[PDB]
Amino acid sequence: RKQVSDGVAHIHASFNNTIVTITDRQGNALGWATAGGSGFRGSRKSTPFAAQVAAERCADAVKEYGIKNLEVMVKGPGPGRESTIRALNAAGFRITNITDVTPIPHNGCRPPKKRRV
Amino acid sequence: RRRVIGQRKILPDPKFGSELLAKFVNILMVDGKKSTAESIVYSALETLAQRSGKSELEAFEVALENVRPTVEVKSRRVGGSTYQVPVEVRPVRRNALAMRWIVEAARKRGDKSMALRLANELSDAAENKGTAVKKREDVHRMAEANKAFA
Amino acid sequence: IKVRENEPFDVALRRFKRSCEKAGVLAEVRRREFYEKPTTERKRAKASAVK
RNA sequence: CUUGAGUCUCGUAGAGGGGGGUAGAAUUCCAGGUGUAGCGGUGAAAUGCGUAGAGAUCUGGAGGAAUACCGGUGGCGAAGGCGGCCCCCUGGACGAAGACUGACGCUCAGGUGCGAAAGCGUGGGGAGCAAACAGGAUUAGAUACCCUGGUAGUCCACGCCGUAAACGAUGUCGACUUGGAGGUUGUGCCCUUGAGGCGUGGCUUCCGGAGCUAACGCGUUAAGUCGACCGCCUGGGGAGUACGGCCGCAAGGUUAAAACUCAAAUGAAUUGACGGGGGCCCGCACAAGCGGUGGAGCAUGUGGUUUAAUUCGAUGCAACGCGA
Ligand SMILES: [Mg+2]
Ligand SMILES: [Mg+2]
Ligand SMILES: [Mg+2]
Ligand SMILES: [Mg+2]
Ligand SMILES: [Mg+2]
Ligand SMILES: [Mg+2]
Ligand SMILES: [Mg+2]
Ligand SMILES: [Mg+2]
Ligand SMILES: [Mg+2]
């Protein structure tokens, strides 16, 4: 019941899952979505056409205000960097600026050895 | 394997003369006793009169409408495991496939006799009933219902 | 990476920044590092680029 | 005496070294705001974290490690190795007009010094990562690979240890010997009118001729043709082990056998077989369907079991309604 009018939307695009939260201008949570919470779980998610149905779920929780326009914050790789923005363009929302906020360091921390099969 | 020719031109119904109904009787046929097939379906096909009362002709196609799918699965030996990538179904098999469900499920109906056990199914087809109509959604719940892979 | 356009439309322009960073220098990190594995495979893949 | 070697001058490029600063991205953590039932992870899962409010998101703060892009088939160094920007102290390499010294050189057992990483001692530091260790999973088992955590350690100082597939598996120095394309850096010259064009030095890639080579291949940066000095090898196993010496805080290092045992151990290349290697193919091989077998009663054969005998044979696809 605040009517933020316009607020950026963060798209935490990951591999094992993807989640988009339609925060406000300053950066306050107004409504978040989630593939894991979008019916199918396990790992069936991930896929782009699976995240789209997730972020689209926001237009059902963050619609209580009246977002007439909004930007997009895509972070991290994975099947949900495009899908999300698309579903949002159809949901009825607008757009003000697309950008990738993926954490790309300068050889700072030393990543995990991991995987070796 | 690599062979690429054409389809087997089937002989039309023993009366209405229609390939659509032709392969229909064949799919229904058994033990090469094609005769019985005709005398078993050609009857129930017209017995619709008692079930309606008019030029029972399009009823067949209309009944198949409620049994015409447009999406199926297809496991693929990829990504180490086995995919499922569902895909639609061309017309060539749409009409065909349906006919199977209409018959291959009209036999387990357990009614008076195959001759009639089949007739009723047609009425249940357009009116949604029996596994015949079931198989549709029970199949659609995969394709278009799991596009995550499609 | 900074998009912005007048006349609402979901054209793209997005894959334009997708040529300098993006999912590349990302997966580059993802798993472990490299150390000797790179200085080597980086100097062998170079051989490839000849013909 | 001057061409070897060296000095002087003036330039050039460089992640060469030692010290001290400093910047930006990211991670983690602490605090607070928004917001709400998931997050994280895998092939799946589970451990784990979440309603004591996570994850996400945003604001502020603390701290440590490493410096995307440039980055290259690149550069510097004796080797090991050396990447952000800035300053201070410092080494070597190269070019050019030249000027100077005058064989002052090459190599070098012993000797001295430098040495990746791991490790060791004292004291600091500690974000991420991660031997050990602990859970979860996989599996016949799984003291592993995978997942959730995580200590030493990785970082700093100072001292020690001296090893590596410390590799070009190719000692240093010098002179000769067809060529082609390229990289990087200096210099001379050319309507320098230009990106530019022609030479002449340094270092360096790839192809390759003669020749060399057991072959692979090396080929002016030689494994070609020669000269000077040094290190080293003499069948495989036993064994870089034992013993002794020396070194070390300790790991352990260095030097280095015998007994006995085998008739080989080995190098490259060839033919093929195979690969849970790659490319391209065909077969009812699969996929698409039609009907079966597997259950049932009976037939038939076989292995069993039995029998005085249950005659002999046939036994993965190629054995069993087979010799019959
Ligand atoms: Mg681990
Ligand atoms: Mg050098
Ligand atoms: Mg060390
Ligand atoms: Mg220590
Ligand atoms: Mg050559
Ligand atoms: Mg060999
Ligand atoms: Mg055939
Ligand atoms: Mg089959
Ligand atoms: Mg079957």
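If we keep just the residues of segment A:89-99 that are more than 11 Å from RNA strand D (Cβ to nearest atom) and at the interface with another protein chain (Cβ under 9 Å from one of its Cβ atoms), which is surrounded by the most Cβ atoms within 10 Å (Cβ to Cβ)?
A:98
Have a look at A:84, A:102 and point out the one that is surrounded by fewer than 22 Cβ atoms within 10 Å (Cβ to Cβ) and touching a strand residue (DSSP E or B) at 6+ places or on another chain (Cβ under 6 Å).
A:102
Within the group A:53, A:20, A:74, which residue is touching a residue at least 12 places away in the same chain (Cβ under 8 Å), surrounded by fewer than 19 Cβ atoms within 10 Å (Cβ to Cβ) and not in a loop (DSSP other than H, G, I, E, B)?
A:53
Can you list residue pairs whose Cβ atoms sit under 6 Å apart, with the first residue in segment B:134-150 being within 11 Å of chain A (Cβ to nearest Cβ) and the second being assigned to a helix (DSSP H, G or I) and crowded, with 19+ Cβ neighbours inside 10 Å? Count only pairs 6 or more apart in sequence or on different chains.
B:148/A:50
Which condition number does residue A:99 fail, the rest of (1) within 19 Å of residue C:13 (Cα to Cα); (2) among the hydroxyl-bearing types (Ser, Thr, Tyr); (3) not in a strand (DSSP E or B) being met?
With (1) within 19 Å of residue C:13 (Cα to Cα); (2) among the hydroxyl-bearing types (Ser, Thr, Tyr); (3) not in a strand (DSSP E or B) applied to residue A:99, the lone miss is (3).
Go through A:6, A:24, A:100, A:60 for me and flag whichever is of a type in the set (D, E, K, R) and under 30 Å from residue C:28 (Cβ atoms).
Selected residue: A:100, the only one of A:6, A:24, A:100, A:60 that is of a type in the set (D, E, K, R) and under 30 Å from residue C:28 (Cβ atoms).
Among residues belonging to segment A:1-17 that are more than 6 Å from RNA strand D (Cβ to nearest atom) and either within 14 Å of chain C (Cβ to nearest Cβ) or among the polar types (S, T, N, Q) (or both), point out the one that is surrounded by the fewest Cβ atoms within 10 Å (Cβ to Cβ).
My answer is A:3.
How many residues are in contact (Cβ under 8 Å) with a residue 40 or more places away in the chain and either more than 19 Å from residue A:85 (Cβ to Cβ) or more than 8 Å from RNA strand D (Cβ to nearest atom) (or both) if we restrict to segment A:23-45?
0
Here is a yes/no grid of residues against (1) more than 13 Å from RNA strand D (Cβ to nearest atom); (2) surrounded by 14 or more Cβ atoms within 10 Å (Cβ to Cβ); (3) more than 17 Å from residue B:102 (Cα to Cα); (4) of a type outside the set (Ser, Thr, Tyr):
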{"site": "B:6", "(1), (2), (3), (4)": "yes, no, yes, yes"}
{"site": "B:15", "(1), (2), (3), (4)": "yes, no, yes, yes"}
{"site": "B:28", "(1), (2), (3), (4)": "no, yes, no, yes"}
{"site": "B:38", "(1), (2), (3), (4)": "yes, yes, no, yes"}
{"site": "B:44", "(1), (2), (3), (4)": "yes, yes, no, yes"}
{"site": "B:47", "(1), (2), (3), (4)": "yes, yes, no, no"}
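Residues to consider are C:5, C:33, C:21; find the one that is more than 20 Å from residue A:112 (Cβ to Cβ), near RNA strand D (Cβ under 10 Å from one of its atoms) and surrounded by 13 or more Cβ atoms within 10 Å (Cβ to Cβ).
C:21
Neighbour counts are summed over all protein chains in view; Cβ atoms, including those assigned to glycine, are modelled from backbone coordinates with ideal geometry. Read-outs throughout are calculated quantities, based only on the coordinates presented, and are distinct from any laboratory measurement.
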